[PDB]
$ cat target.cif   # mmCIF, C-alpha atoms and all ligand atoms
data_structure
loop_
_atom_site.label_atom_id
_atom_site.label_comp_id
_atom_site.auth_asym_id
_atom_site.auth_seq_id
_atom_site.Cartn_x
_atom_site.Cartn_y
_atom_site.Cartn_z
CA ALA P 2 -24.20 10.94 4.63
CA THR P 3 -21.08 12.26 2.84
CA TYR P 4 -17.78 12.60 4.74
CA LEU P 5 -14.59 14.23 3.41
CA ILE P 6 -11.26 13.60 5.14
CA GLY P 7 -7.89 15.23 4.50
CA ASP P 8 -4.44 13.72 4.18
CA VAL P 9 -4.22 10.53 6.27
CA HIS P 10 -0.48 9.85 5.84
CA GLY P 11 -0.60 6.41 7.43
CA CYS P 12 -2.45 7.65 10.50
CA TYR P 13 -4.71 4.61 10.59
CA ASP P 14 -5.69 4.79 14.29
CA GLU P 15 -6.80 8.44 13.94
CA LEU P 16 -8.72 7.68 10.74
CA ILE P 17 -10.67 4.87 12.39
CA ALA P 18 -11.35 6.89 15.54
CA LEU P 19 -12.65 9.78 13.43
CA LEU P 20 -14.90 7.47 11.38
CA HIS P 21 -16.26 5.85 14.57
CA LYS P 22 -17.04 9.31 15.95
CA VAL P 23 -19.38 9.93 12.99
CA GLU P 24 -20.51 6.26 12.92
CA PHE P 25 -19.49 5.98 9.28
CA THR P 26 -21.55 3.17 7.76
CA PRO P 27 -20.57 1.89 4.30
CA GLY P 28 -23.64 1.44 2.13
CA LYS P 29 -25.38 4.33 3.85
CA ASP P 30 -22.45 6.79 3.87
CA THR P 31 -19.75 7.72 1.37
CA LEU P 32 -16.21 8.80 2.26
CA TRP P 33 -14.13 11.20 0.16
CA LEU P 34 -10.37 11.21 0.72
CA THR P 35 -8.03 13.97 -0.50
CA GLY P 36 -5.10 11.58 -1.12
CA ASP P 37 -1.69 11.10 0.46
CA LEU P 38 -3.02 8.02 2.23
CA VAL P 39 0.51 6.76 2.86
CA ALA P 40 3.89 7.82 4.28
CA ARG P 41 5.22 9.46 7.49
CA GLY P 42 2.58 8.00 9.80
CA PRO P 43 3.07 4.39 10.95
CA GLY P 44 0.11 2.65 9.30
CA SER P 45 0.27 3.04 5.52
CA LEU P 46 -0.32 -0.70 5.04
CA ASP P 47 -3.48 -0.74 7.14
CA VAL P 48 -4.78 2.47 5.55
CA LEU P 49 -4.46 1.08 2.03
CA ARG P 50 -6.04 -2.23 3.02
CA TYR P 51 -9.01 -0.47 4.60
CA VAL P 52 -9.62 2.12 1.88
CA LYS P 53 -9.38 -0.49 -0.89
CA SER P 54 -11.91 -2.63 1.01
CA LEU P 55 -14.41 0.24 0.94
CA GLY P 56 -15.06 -0.18 -2.79
CA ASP P 57 -17.80 2.15 -4.03
CA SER P 58 -18.24 3.70 -0.57
CA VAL P 59 -15.01 5.69 -1.01
CA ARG P 60 -14.01 8.31 -3.60
CA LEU P 61 -10.26 8.85 -3.56
CA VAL P 62 -7.90 11.19 -5.41
CA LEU P 63 -4.17 10.43 -5.62
CA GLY P 64 -1.62 12.75 -4.03
CA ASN P 65 2.10 13.31 -4.48
CA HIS P 66 3.07 10.82 -1.77
CA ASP P 67 0.82 8.13 -3.26
CA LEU P 68 2.60 8.63 -6.59
CA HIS P 69 6.02 8.56 -4.87
CA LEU P 70 5.06 5.25 -3.26
CA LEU P 71 4.20 3.86 -6.69
CA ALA P 72 7.56 5.10 -7.98
CA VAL P 73 9.40 3.32 -5.15
CA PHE P 74 7.45 0.12 -5.73
CA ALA P 75 8.36 0.18 -9.45
CA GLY P 76 12.06 0.76 -8.75
CA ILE P 77 11.99 4.30 -10.20
CA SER P 78 12.74 6.14 -6.91
CA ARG P 79 14.64 5.34 -3.74
CA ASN P 80 12.86 4.59 -0.46
CA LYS P 81 13.34 7.14 2.31
CA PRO P 82 13.35 5.62 5.81
CA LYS P 83 11.27 8.53 7.16
CA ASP P 84 8.36 7.58 4.88
CA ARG P 85 7.99 4.30 6.88
CA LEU P 86 6.81 2.41 3.79
CA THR P 87 8.72 -0.83 4.29
CA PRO P 88 5.90 -2.87 5.92
CA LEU P 89 3.62 -1.93 3.02
CA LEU P 90 6.29 -2.63 0.38
CA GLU P 91 7.11 -6.02 1.94
CA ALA P 92 3.50 -7.13 2.50
CA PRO P 93 2.30 -10.28 0.70
CA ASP P 94 -0.55 -8.25 -0.86
CA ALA P 95 1.69 -5.32 -1.89
CA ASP P 96 1.10 -6.00 -5.59
CA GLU P 97 -2.67 -6.18 -5.19
CA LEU P 98 -2.74 -2.98 -3.13
CA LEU P 99 -0.49 -0.89 -5.37
CA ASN P 100 -2.08 -2.12 -8.60
CA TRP P 101 -5.40 -0.97 -7.11
CA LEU P 102 -3.87 2.36 -5.99
CA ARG P 103 -2.49 3.34 -9.39
CA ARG P 104 -5.97 2.88 -10.96
CA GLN P 105 -7.60 5.57 -8.77
CA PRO P 106 -8.57 9.01 -10.11
CA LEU P 107 -6.75 12.32 -9.84
CA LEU P 108 -10.09 14.14 -9.80
CA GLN P 109 -13.57 13.51 -8.35
CA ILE P 110 -16.69 15.40 -9.50
CA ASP P 111 -20.23 15.22 -8.09
CA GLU P 112 -22.69 17.32 -10.06
CA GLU P 113 -25.60 16.97 -7.65
CA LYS P 114 -23.43 18.33 -4.83
CA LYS P 115 -21.63 20.76 -7.17
CA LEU P 116 -18.47 19.42 -5.56
CA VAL P 117 -14.97 18.89 -6.99
CA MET P 118 -12.04 17.16 -5.23
CA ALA P 119 -8.37 16.99 -6.18
CA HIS P 120 -5.30 16.56 -4.00
CA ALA P 121 -3.93 20.11 -4.34
CA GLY P 122 -6.96 21.86 -5.85
CA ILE P 123 -7.87 23.17 -9.30
CA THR P 124 -5.49 25.60 -10.96
CA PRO P 125 -7.35 28.77 -12.02
CA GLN P 126 -5.95 28.28 -15.53
CA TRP P 127 -8.27 25.30 -16.00
CA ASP P 128 -11.93 25.13 -16.78
CA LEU P 129 -13.83 22.00 -15.82
CA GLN P 130 -13.63 20.27 -19.19
CA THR P 131 -9.86 20.79 -19.32
CA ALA P 132 -9.41 19.50 -15.78
CA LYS P 133 -11.38 16.36 -16.71
CA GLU P 134 -9.35 15.70 -19.85
CA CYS P 135 -6.04 16.19 -18.05
CA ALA P 136 -7.11 13.88 -15.23
CA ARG P 137 -8.12 11.27 -17.80
CA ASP P 138 -4.78 11.56 -19.61
CA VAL P 139 -2.66 10.99 -16.50
CA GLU P 140 -5.00 8.29 -15.17
CA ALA P 141 -4.62 6.46 -18.48
CA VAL P 142 -0.85 6.45 -18.10
CA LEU P 143 -0.99 5.35 -14.47
CA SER P 144 -3.36 2.45 -15.11
CA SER P 145 -1.28 1.17 -18.05
CA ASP P 146 1.37 -1.54 -18.08
CA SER P 147 3.90 1.21 -18.82
CA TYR P 148 3.25 3.35 -15.72
CA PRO P 149 6.89 3.15 -14.46
CA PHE P 150 8.00 5.17 -17.49
CA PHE P 151 5.41 7.82 -16.71
CA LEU P 152 6.39 7.91 -13.05
CA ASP P 153 10.01 8.43 -14.05
CA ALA P 154 8.98 11.22 -16.41
CA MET P 155 6.71 12.99 -13.91
CA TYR P 156 9.53 14.42 -11.77
CA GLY P 157 10.34 18.03 -12.69
CA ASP P 158 9.20 21.57 -11.96
CA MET P 159 8.56 22.88 -15.51
CA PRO P 160 6.58 23.94 -17.44
CA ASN P 161 4.57 25.89 -14.86
CA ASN P 162 2.11 27.62 -17.19
CA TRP P 163 -0.80 25.86 -18.88
CA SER P 164 -1.45 25.89 -22.64
CA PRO P 165 -3.70 23.63 -24.75
CA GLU P 166 -0.62 23.47 -27.00
CA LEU P 167 1.53 21.65 -24.45
CA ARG P 168 2.52 18.16 -25.62
CA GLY P 169 4.38 15.16 -24.30
CA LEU P 170 6.46 15.18 -21.15
CA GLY P 171 5.78 18.85 -20.41
CA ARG P 172 2.02 18.37 -20.62
CA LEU P 173 2.03 15.37 -18.26
CA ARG P 174 4.38 17.07 -15.80
CA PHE P 175 2.26 20.18 -15.65
CA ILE P 176 -0.90 18.13 -15.14
CA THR P 177 0.76 16.22 -12.30
CA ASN P 178 2.14 19.32 -10.59
CA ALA P 179 -1.19 21.10 -10.86
CA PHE P 180 -3.18 18.22 -9.35
CA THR P 181 -0.74 17.02 -6.68
CA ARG P 182 1.79 19.76 -5.76
CA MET P 183 0.23 23.20 -6.39
CA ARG P 184 0.01 25.79 -3.62
CA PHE P 185 0.92 29.33 -4.77
CA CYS P 186 0.35 31.02 -8.14
CA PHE P 187 1.78 34.05 -9.82
CA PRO P 188 -0.83 36.71 -10.68
CA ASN P 189 -1.33 35.24 -14.16
CA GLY P 190 -2.03 31.79 -12.68
CA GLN P 191 1.46 30.36 -13.21
CA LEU P 192 2.54 27.74 -10.66
CA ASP P 193 5.28 28.24 -8.08
CA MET P 194 6.88 24.94 -7.04
CA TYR P 195 9.05 26.04 -4.09
CA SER P 196 7.03 27.87 -1.42
CA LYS P 197 5.29 25.52 1.01
CA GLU P 198 4.58 28.06 3.77
CA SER P 199 1.33 29.67 4.91
CA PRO P 200 -0.18 32.50 2.83
CA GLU P 201 0.70 35.05 5.54
CA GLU P 202 4.38 34.00 5.51
CA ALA P 203 4.76 33.94 1.74
CA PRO P 204 6.73 36.47 -0.35
CA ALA P 205 4.87 38.72 -2.78
CA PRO P 206 3.49 38.60 -5.44
CA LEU P 207 2.55 34.99 -4.69
CA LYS P 208 -1.09 34.26 -3.91
CA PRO P 209 -2.89 31.02 -3.04
CA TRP P 210 -4.26 29.33 -6.15
CA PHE P 211 -7.73 29.67 -4.64
CA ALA P 212 -7.27 33.47 -4.24
CA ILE P 213 -7.26 33.83 -8.05
CA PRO P 214 -10.78 33.59 -9.54
CA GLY P 215 -11.02 30.60 -11.81
CA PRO P 216 -13.93 29.19 -13.78
CA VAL P 217 -14.17 25.91 -11.83
CA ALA P 218 -14.20 27.64 -8.45
CA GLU P 219 -16.94 29.99 -9.67
CA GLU P 220 -19.37 27.15 -10.36
CA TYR P 221 -18.29 24.43 -7.92
CA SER P 222 -17.12 24.01 -4.38
CA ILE P 223 -13.59 22.59 -4.22
CA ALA P 224 -12.22 20.34 -1.49
CA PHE P 225 -8.51 19.53 -1.31
CA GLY P 226 -5.72 18.46 1.01
CA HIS P 227 -1.92 18.68 0.53
CA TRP P 228 -1.21 22.14 1.94
CA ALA P 229 -0.64 21.44 5.61
CA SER P 230 0.92 24.80 6.48
CA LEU P 231 -2.45 26.33 5.54
CA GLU P 232 -3.83 24.52 8.60
CA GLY P 233 -7.25 24.39 6.94
CA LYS P 234 -7.78 28.13 7.49
CA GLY P 235 -8.07 31.31 5.47
CA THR P 236 -10.00 30.03 2.46
CA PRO P 237 -12.90 31.73 0.65
CA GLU P 238 -16.43 30.41 0.72
CA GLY P 239 -16.78 27.29 -1.37
CA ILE P 240 -13.12 26.30 -0.81
CA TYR P 241 -12.46 23.56 1.76
CA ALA P 242 -8.87 22.88 2.83
CA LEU P 243 -9.00 19.57 4.70
CA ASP P 244 -5.29 18.96 5.48
CA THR P 245 -4.66 19.89 9.12
CA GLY P 246 -1.42 17.95 9.51
CA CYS P 247 -2.30 14.79 11.41
CA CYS P 248 1.00 13.07 10.65
CA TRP P 249 2.83 16.20 11.88
CA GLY P 250 1.13 16.14 15.27
CA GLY P 251 -1.75 18.37 14.21
CA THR P 252 -5.24 16.93 13.66
CA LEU P 253 -7.20 14.79 11.22
CA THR P 254 -10.26 16.69 9.99
CA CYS P 255 -13.56 15.29 8.69
CA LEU P 256 -16.22 17.46 7.01
CA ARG P 257 -19.80 16.22 6.71
CA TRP P 258 -21.14 17.71 3.48
CA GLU P 259 -24.89 17.78 4.21
CA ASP P 260 -24.57 20.22 7.15
CA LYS P 261 -20.94 21.41 6.62
CA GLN P 262 -20.18 20.16 10.12
CA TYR P 263 -16.54 19.54 11.16
CA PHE P 264 -15.26 16.64 13.28
CA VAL P 265 -11.65 16.58 14.43
CA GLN P 266 -9.38 13.81 15.75
CA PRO P 267 -6.17 14.81 17.57
CA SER P 268 -2.91 13.25 16.45
CA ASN P 269 -1.73 10.46 18.76
CA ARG P 270 1.84 11.60 18.11
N1 LIG P 301 1.34 23.68 10.69
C1 LIG P 301 2.41 23.92 9.88
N2 LIG P 301 2.92 25.18 9.78
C2 LIG P 301 3.98 25.44 8.99
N3 LIG P 301 4.57 24.46 8.27
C3 LIG P 301 4.09 23.18 8.35
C4 LIG P 301 3.02 22.89 9.13
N4 LIG P 301 2.76 21.54 9.01
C5 LIG P 301 3.66 21.03 8.17
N5 LIG P 301 4.48 22.02 7.74
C6 LIG P 301 5.62 21.95 6.81
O1 LIG P 301 5.15 21.84 5.46
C7 LIG P 301 6.23 21.29 4.70
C8 LIG P 301 5.62 20.49 3.53
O2 LIG P 301 4.83 19.44 4.09
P1 LIG P 301 3.36 19.10 3.44
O3 LIG P 301 2.43 20.27 3.63
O4 LIG P 301 2.80 17.86 4.14
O5 LIG P 301 3.51 18.84 1.83
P2 LIG P 301 4.59 17.93 1.01
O6 LIG P 301 3.83 16.81 0.33
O7 LIG P 301 5.24 18.79 -0.06
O8 LIG P 301 5.65 17.36 1.92
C9 LIG P 301 7.00 20.34 5.64
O9 LIG P 301 8.40 20.60 5.48
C10 LIG P 301 6.49 20.70 7.05
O10 LIG P 301 7.60 21.00 7.91
MN MN P 302 0.38 16.20 -0.80
MN MN P 303 0.27 15.60 2.44
#
$ encode --input "target.cif" --output "structure tokens"
Amino acid sequence: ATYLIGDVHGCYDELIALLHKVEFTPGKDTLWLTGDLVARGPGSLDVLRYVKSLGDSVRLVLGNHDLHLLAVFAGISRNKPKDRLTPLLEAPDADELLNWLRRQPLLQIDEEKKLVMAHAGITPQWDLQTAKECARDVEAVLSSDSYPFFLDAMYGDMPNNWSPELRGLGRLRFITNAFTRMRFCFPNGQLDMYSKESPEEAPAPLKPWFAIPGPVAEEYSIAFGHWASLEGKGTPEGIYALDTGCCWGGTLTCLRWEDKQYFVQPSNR
């Protein structure tokens, strides 16, 4: 079977309890994870160890907190105590774990399931081929010996409008924001980088990225995490918001793809 789980955020105990509830069996089952495996919850170290150990039985996409962790590890960004990353950063296998983490995709595609996963979703300004190329471009930088320079460049909120003409720093920053930070769009598809509230509490004319018809969403289902204030609710058919805020005292949600059945694990917090 195929299981999809939203943002874990170091909530290792809840992740394992949820997987035991469905009797997840590597080799027979496959787990998809929407990213943000680390930070806020207490068990980032254990989560990375476990997910890395799954090998081909897990399909991960990186989120914004995974990238921030990489930036801290490389000395590009300062550690925040509230992220609770020190045990992971100080672990004897930190290098092995983070060098594995930075080689993971930004985007997962399964044609037989007609299923696409990214941390924040797929901007309506992208078709599938563009999304694939952009993912490949950023993944190439992250898996290279020079990834600290990319991480340092990634921070920034502009440009917020896609063009095949974008080059250099602006192109990479847009790709990163689209994959790992996007929530709301302007009517033309342009990204807003400030509102993090629920669709009902947002100011006009902002709309959820998934409320704007885009070519990927017309052909494929899309699963994503990231947007906790959405609470996994209010999406159209074919759009699956899996982040229900476990690390915030909400729940960890698992979706079995074959029957679209939900399984939920309450936060221990
Ligand atoms: N259920 C919720 N309702 C409203 N806001 C929430 C909810 N859960 C989390 N938030 C808020 O969402 C804001 C952004 O958190 P999050 O969605 O995890 O994304 P980010 O990676 O940008 O931090 C946080 O400041 C948090 O207070
Ligand atoms: Mn996120
Ligand atoms: Mn998150």
$ residues_around --input "target.cif" --residues "residue 68 in chain P" --least-positions-apart "3" --cutoff "9 Å" --atoms "only C-alpha atoms" --output "CSV table (one decimal) with C-alpha atoms, in the frame of the given file"
chain,number,residue,atom,x,y,z
P,37,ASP,CA,-1.7,11.1,0.5
P,63,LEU,CA,-4.2,10.4,-5.6
P,64,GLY,CA,-1.6,12.8,-4.0
P,65,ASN,CA,2.1,13.3,-4.5
P,71,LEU,CA,4.2,3.9,-6.7
P,72,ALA,CA,7.6,5.1,-8.0
P,73,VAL,CA,9.4,3.3,-5.2
P,103,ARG,CA,-2.5,3.3,-9.4
P,152,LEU,CA,6.4,7.9,-13.0
$ residues_near_ligand --input "target.cif" --ligand "ligand LIG 301 (chain P)" --cutoff "12 Å" --atoms "all atoms listed in the file" --output "number ranges by chain"
P: 7-10, 36-42, 63-69, 83-84, 120-121, 178, 181-184, 194-203, 226-234, 242-252
$ atom_distance --input "target.cif" --atom1 "CA of residue 62 in chain P" --atom2 "CA of residue 107 in chain P"
4.7 Å
$ atom_distance --input "target.cif" --atom1 "CA of residue 168 in chain P" --atom2 "CA of residue 111 in chain P"
28.9 Å
$ closest_residue --input "target.cif" --among "P:177, P:130, P:189, P:268" --to "ligand MN 302 (chain P)" --atoms "all atoms listed in the file"
P:177
$ closest_residue --input "target.cif" --among "P:257, P:174, P:137, P:85" --to "residue 46 in chain P" --atoms "only C-alpha atoms"
P:85
$ axis_aligned_box --input "target.cif" --around "range 207-216 of chain P" --padding-each-side "6 Å" --output "AutoDock Vina command-line options"
--center_x -5.7 --center_y 32.1 --center_z -8.4 --size_x 28.5 --size_y 17.8 --size_z 22.7
$ closest_residue --input "target.cif" --among "P:31, P:254, P:266, P:144" --to "residue 105 in chain P" --atoms "all atoms listed in the file"
P:144
$ closest_residue --input "target.cif" --among "P:58, P:35, P:45, P:124" --to "residue 225 in chain P" --atoms "only C-alpha atoms"
P:35
$ atom_distance --input "target.cif" --atom1 "CA of residue 75 in chain P" --atom2 "CA of residue 149 in chain P"
6.0 Å
$ residues_around --input "target.cif" --residues "residue 3 in chain P" --least-positions-apart "5" --cutoff "12 Å" --atoms "only C-alpha atoms" --output "MDAnalysis selection string"
chainID P and resid 20 23:34 58:60 111 114 116 255:263
$ closest_residue --input "target.cif" --among "P:119, P:141, P:159, P:99" --to "ligand MN 302 (chain P)" --atoms "only C-alpha atoms and all ligand atoms"
P:119
